[PDB]
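Protein chains in written order, with the deposited numbering: chain D, 2 to 240; chain A, 7 to 197, 202 to 279; chain C, 2 to 182, 184 to 204; chain B, 2 to 98.
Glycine included, C-beta positions come from ideal geometry on N, C-alpha and C.
These notes are about the structure you will find just below.
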Amino acid sequence: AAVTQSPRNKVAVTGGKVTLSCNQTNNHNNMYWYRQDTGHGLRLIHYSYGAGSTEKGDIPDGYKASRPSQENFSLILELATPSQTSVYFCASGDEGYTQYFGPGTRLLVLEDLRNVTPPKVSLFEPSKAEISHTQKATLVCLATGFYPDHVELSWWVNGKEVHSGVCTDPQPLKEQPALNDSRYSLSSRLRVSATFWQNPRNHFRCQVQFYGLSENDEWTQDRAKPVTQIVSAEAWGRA
Amino acid sequence: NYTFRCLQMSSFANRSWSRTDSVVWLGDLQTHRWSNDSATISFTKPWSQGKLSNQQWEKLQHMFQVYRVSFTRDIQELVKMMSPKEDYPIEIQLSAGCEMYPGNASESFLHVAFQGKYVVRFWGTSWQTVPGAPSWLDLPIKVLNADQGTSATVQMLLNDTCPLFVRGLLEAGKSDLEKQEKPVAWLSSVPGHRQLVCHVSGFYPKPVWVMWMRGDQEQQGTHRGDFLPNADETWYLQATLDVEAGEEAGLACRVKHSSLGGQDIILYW
Amino acid sequence: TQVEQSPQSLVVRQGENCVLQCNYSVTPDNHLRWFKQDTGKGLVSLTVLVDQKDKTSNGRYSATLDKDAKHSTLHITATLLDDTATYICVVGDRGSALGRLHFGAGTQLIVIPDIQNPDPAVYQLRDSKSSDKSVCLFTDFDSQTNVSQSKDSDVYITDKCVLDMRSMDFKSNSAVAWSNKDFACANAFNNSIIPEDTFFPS
Amino acid sequence: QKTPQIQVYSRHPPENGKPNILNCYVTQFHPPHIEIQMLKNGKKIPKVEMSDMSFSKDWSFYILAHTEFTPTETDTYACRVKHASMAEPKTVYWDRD
Ligand SMILES: CCCCCCCCCCCCCCCCCCCCCCCCCC(=O)N[C@@H](CO[C@H]1O[C@H](CO)[C@H](O)[C@H](O)[C@H]1O)[C@H](O)[C@H](O)CCCC(=O)NCCCCCCc1ccccc1
Ligand SMILES: *[C@@H]1O[C@H](CO[C@@H]2O[C@@H](C)[C@@H](O)[C@@H](O)[C@@H]2O)[C@@H](O[C@@H]2O[C@H](CO)[C@@H](O)[C@H](O)[C@H]2NC(C)=O)[C@H](O)[C@H]1NC(C)=O
Ligand SMILES: *[C@@H]1O[C@H](CO)[C@@H](O)[C@H](O)[C@H]1NC(C)=O
Ligand SMILES: *[C@@H]1O[C@H](CO)[C@@H](O)[C@H](O)[C@H]1NC(C)=O
Ligand code: NA
Ligand code: NA
Ligand code: NA
Ligand code: NA
């Protein structure tokens, strides 16, 4: 039994309309919306016993729910507030007690969007010294200058995602920690055997998925509209 | 041969307001009361605990306390689930217990009425609709039958707890169950047509014989009324006869009841 | 709240066992589920306990439930680095869709990895596009080393981070430092207490 | 919906000046929400006792009201019942006969 959620990540402005969607093909009658905030267990917002049914949970205020079909259950934030910054989980189930949870949706409601900026991404190639000393090769990826901190960094070798030998900073660092609207930096490593890096048929790519403005968000500044986008950096192996 | 009945009535006026009240009968004698206002089940007889130890009773009461709160939310949720097929106000009645037979034999029951109509029962290992029930109840049934914990508890209540408890009650309550109380009769009349009334009051148990009589001749026009209760767990009945005016003379009311020891009551008009 | 977990957080070393507790006041209590949640990710069910006195297991996880005491424990045997996660206790108040779930706020577990053959070094790595830009990588130190932020606020230093080369059964710690403000790799990690045998090449 | 039947009757044989109990038995009604008053001379009697509400095999409700009273030559006694199935309160007077 599988449940999906879209979007997976969202930056929004105060007063904006946000819709979080949940889809389920299990033919489950029952669907449930929760939020998770640090210091609390998941809390029930709204639920539904079938198409056309919406019911208030424990914390329904500021949210509307919609069940247009068996498949789809939506959470509508008519007038987004900073207090609605959270991780949202949808679940479904039949007559049984088990609830099958989706992967979550991270929402950030900012007061204002003026500082939203995508990252610059750079890839740093393995040290010759490391190769001779260890027979291993560490690549470093650096994402810099971004705001806010809603990024997903991933590593790709020959068009396929790699997880082994990867570690990414648990959180971004602030570039100007003395400022309230500081831009962020994030680093990651991928470590491979020297012979894997030495193979010129291997194509390495560090990718940053940045979450920013939608196409329909207003933009009044001269600089490029900081839309949701991928920024990446790339290198080939060599002898 | 005795029927033990736990009778529960619940009224749900809207999504927020509800109450649930219970009375318990062994034959026609009340053994328990459980008001919505009360946290605990009340004994209405000294022997209402039967042969259960204090720990057994506390455990059984606790299960009922959890039940009442759980039942209340379940109905409210089932209404949301079936919406808008059914709406408030809603009446739910439960009638649950066991009939006790000679030997070690009994039959248990658990019947549920919705807006005054019997629609659902527990039978064997699960909830089921009975003939005449609407089809929309199949969803509540499926939901209730998903709860294996409740089914296991109900099976034990019905198969084991009820007959064991009632056996204890019949032993503990014997002297009240077997009490004999004398009827007292009196006569009167109402509208050349005259309706004579024989009033019979204070008798226990229920079985009683009342006839209008001219000497040895039973007047086969006697209309027996309904059994009506008194407040002191005794019974009331009246028997009426339609006669012509002036025809009153020589007529008597004869009453037969087990408390009298053959010594019938005869009251001449 | 009706569901309480203990400890709030704990740090253990790889290979050690640990016990997590859940206490609740939820009435009635039909079943209790333990979830594992990795950082950013979602909820992976580990086990569900349904009986008055219950015991379950799932690989290196085992759990107990005592409904009378309204208490559950999750036991993790021989912890590995991938156990680093939040563990969440959930009580269901019905054996059906009519139930509400009551979630605990979770226990944060950190598992410190066992670095068998440490080889501390600081390397210089060059940008694939712009070869005059670079980062400094401090790597292969054991878990005893702490990495500190720089003296200069125009120098950036990340916290430590452990990678796992799964196929080679190899783990290593690293931290990264960079700056444009004059700046060299021998200087980069001076604010940190680094091993005396730390290799500085060239 | 079902209309309440009302039966008024005494516990003991009625004798002027002698304390007795008057019963009002209300049956065959649905829903269970009901308001029952026992009346002396068309005025509400204070300390009226009620049995717990119960229901029959047919699922219709019933309840017993009773009160101490001393019958006399002049005094009337009644049971007044308000129920949704009726537009007006139904009053049933104690017959004596
Ligand atoms: C019965 C014979 C008596 C024995 C003799 C003893 C004599 C003592 C004197 C008696 C004085 C008491 C008089 C009261 C009369 C009541 C008699 C009927 C009692 C019978 C029912 C007892 C159920 C016990 C279990 C239970 O409580 N289940 C609950 C809680 O469940 C959770 O918790 C337990 C552990 O505690 C387990 O973990 C479960 O897994 C977990 O889900 C459930 O929420 C249950 O669903 C409550 C409701 C059950 C029920 O009403 N069903 C009737 C069907 C209703 C049909 C609805 C139709 C409908 C209406 C409106 C809209 C849509 C549909
Ligand atoms: C409890 O007893 C039932 C059978 O008894 C009937 O149902 C009770 C709940 C009660 O109403 C009694 O007076 C009735 O006489 C058992 O149900 C049977 O279970 C088996 C499988 O376990 C099944 O194959 C049968 O078909 C069931 N019988 C019916 C009529 O449906 C039940 O198992 C008993 N449970 C326990 C725990 O003792
Ligand atoms: C629900 O019903 C009760 C009792 O009939 C009534 O007094 C109350 O006002 C109702 N509540 C709402 C919100 O309508
Ligand atoms: C009946 O009892 C419940 C639980 O004690 C309570 O919440 C509810 O208000 C009561 N209903 C009425 C009508 O008094
Ligand atoms: Na929360
Ligand atoms: Na419920
Ligand atoms: Na469910
Ligand atoms: Na519910």
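query: Near ligand 1: residue 55 of chain C beta-carbon under 8 Å from a heavy atom; result: no
query: Residues in the segment 7 to 35 of chain A having any Cβ partner in chain B nearer than 8 Å; result: 13, 15, 17, 27, 29 and 31
query: Chain C residues whose Cβ lies nearer than 7 Å to that of residue 41 of chain D; result: 106
query: Below-9 Å beta-carbon distance, residue 149 of chain D vs any chain C residue; result: no
query: Residue 83 of chain A Cβ short of 8 Å to ligand 8 heavy atom set; result: yes
query: Residue-level contact to chain A via CB, residue 50 of chain D, 9 Å cutoff; result: yes
query: Under 9 Å between C-beta atoms of residue 183 of chain A and residue 33 of chain A; result: yes
query: Bounding residues of the alpha helix (DSSP H) (the contiguous stretch that carries residue 241 of chain D); result: It is not possible to answer for residue 241 of chain D, since the shown part of chain D is limited to 2 through 240.
query: Inter-stretch contact at 8 Å, needing at least 3 Cβ pairs: the segment 9 to 16 of chain B / the segment 166 to 182 of chain D; result: no
query: Per DSSP, cross-strand counterpart(s) of residue 38 of chain A; result: A/30 and A/49
query: Residue 278 of chain A classed as buried or exposed, judged by whether at least 16 other C-beta atoms fall within 10 angstroms; result: exposed
query: Pair within 9 Å by beta-carbon distance, residue 34 of chain C and residue 26 of chain C; result: no
query: Neighbour flag for residue 190 of chain D against chain C, beta carbons, 9 Å; result: yes
query: Distance CB(residue 73 of chain C)-CB(residue 80 of chain C) smaller than 9 Å; result: no
query: Interface positions of the segment 129 to 151 of chain A facing chain C (Cβ-Cβ less than 8 Å), listed along the chain; result: 149 and 150
query: Below-9 Å beta-carbon distance, residue 166 of chain A vs any chain C residue; result: no
query: Inter-stretch contact (C-beta, 8 Å, three-pair minimum) for the segment 111 to 122 of chain A and the segment 90 to 99 of chain A; result: yes
query: Reference residue 32 of chain D, options D/42, D/85, D/87 and D/98, closest by Cα; result: D/98
query: Residue 97 of chain A - partner residues in DSSP beta bridges; result: A/17
query: Residue ranges of each beta strand (DSSP E) within the segment 74 to 140 of chain C, 3 or longer; result: 86 to 93, 102 to 104, 108 to 113, 122 to 128 and 135 to 140
query: Chain C within 9 Å of residue 202 of chain D, Cβ atoms only; result: no
query: Minimum Cβ-Cβ distance from residue 29 of chain C to chain D less than 9 Å; result: no
query: Spatial distance of residue 145 of chain D from residue 118 of chain D (CA atoms); result: 10 Å
query: Ligand 4 heavy atom lying under 8 Å from the CB of residue 43 of chain A; result: yes
query: Cutoff 8 Å; reference residue 27 of chain D; Cβ partners in own chain excluding five residues on either side; result: 2, 3, 4, 93, 95 and 101
query: DSSP-derived helix/strand/coil call for residue 2 of chain C; result: coil
query: Closer than 9 Å to chain C by CB, residue 85 of chain A; result: no
query: Near-chain B residues of the segment 174 to 193 of chain A (beta-carbon distance less than 9 Å), N- to C-terminal order; result: 190, 191 and 192
query: CB contact check: residue 233 of chain A to chain B, cutoff 9 Å; result: no
query: Boundaries (first-last residue) of the alpha helix (DSSP H) holding residue 26 of chain B; result: First-last for residue 26 of chain B: 21 to 30, but that is the beta strand (DSSP E), not the alpha helix (DSSP H).
query: 6 Å CB neighbourhood of residue 49 of chain B in its chain, flanking five on each side removed; result: 39, 66 and 68
query: Proximal chain D residues relative to residue 19 of chain C, where beta-carbon distance stays under 7 Å; result: None at all; the shortest Cβ gap to chain D is about 20 Å.
query: Local Cβ density within 10 Å of residue 47 of chain B, reported as buried at 16 or more and exposed below that; result: exposed
query: Chain A contact for residue 97 of chain C (CB, 9 Å cutoff); result: yes
query: CB of residue 25 of chain A within 9 Å of CB of residue 42 of chain A, strictly; result: yes
query: Residue-level contact to chain C via CB, residue 39 of chain A, 9 Å cutoff; result: no
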